[PDB]
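Have a look below at one chain only, the form solved without the named molecule, in structure tokens format.
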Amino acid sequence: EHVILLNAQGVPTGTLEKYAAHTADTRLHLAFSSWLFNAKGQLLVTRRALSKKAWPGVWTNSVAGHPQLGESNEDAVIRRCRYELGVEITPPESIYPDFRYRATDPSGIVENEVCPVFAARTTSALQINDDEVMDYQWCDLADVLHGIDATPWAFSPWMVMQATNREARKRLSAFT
């Protein structure tokens, strides 16, 4: 996996190997974030494995990743969902297209990205890739939003920032 570097505008200028791109001085690159719900409306919350270089062992929204060069945002979502969760999903829907952020993890690892957010429904059972996901929980969106509002530090920075955006939160609720 590589990450796409972006300049002032979201114009791709080059690529870097994924692992090598995330350091204490991570440069701006493209990513995606996705919230998955099942047919019952429950939200899938996952805990990043201890082997993840950035934010290992952290509870976060369903799946996040980096689109590859030439790959559309939607297909990147499909690819990482199958890879980390072994699940098939409905067509990804945009919920927060202009989300951008920069955050530093406990180890000093930084994430600096233009990160559009999507939502989708799972159409198959989960088949966990323990190399990427160490735990997960199917919950009610309402309880997660309450958790995020009360103790945001207990979750990943991007999950918190995405869920606290008034418009994003409204669109997410439309999935329950």
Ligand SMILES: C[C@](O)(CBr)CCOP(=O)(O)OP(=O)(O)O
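Residue numbers run from 1 along the displayed sequence.
Beyond the structure shown, there is the form solved in complex with the named molecule, which is absent from this document and is the topic of what follows.
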In contact with the named molecule in the deposited complex (heavy atoms, 4.5 Å), from 121-129, 107-115, 36-44, 141-149, is stretch 107-115
- Distance check, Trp158 to the named molecule in the deposited complex, heavy atom within 4.5 Å: yes
Fill in: Partner proximity in the deposited complex: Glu84 to the named molecule, non-hydrogen atom cutoff 4.5 Å
yes
Across 51-74, the residues having a non-hydrogen atom within 4.5 Å of the named molecule in the deposited complex turn out to be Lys52, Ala64, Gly65, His66
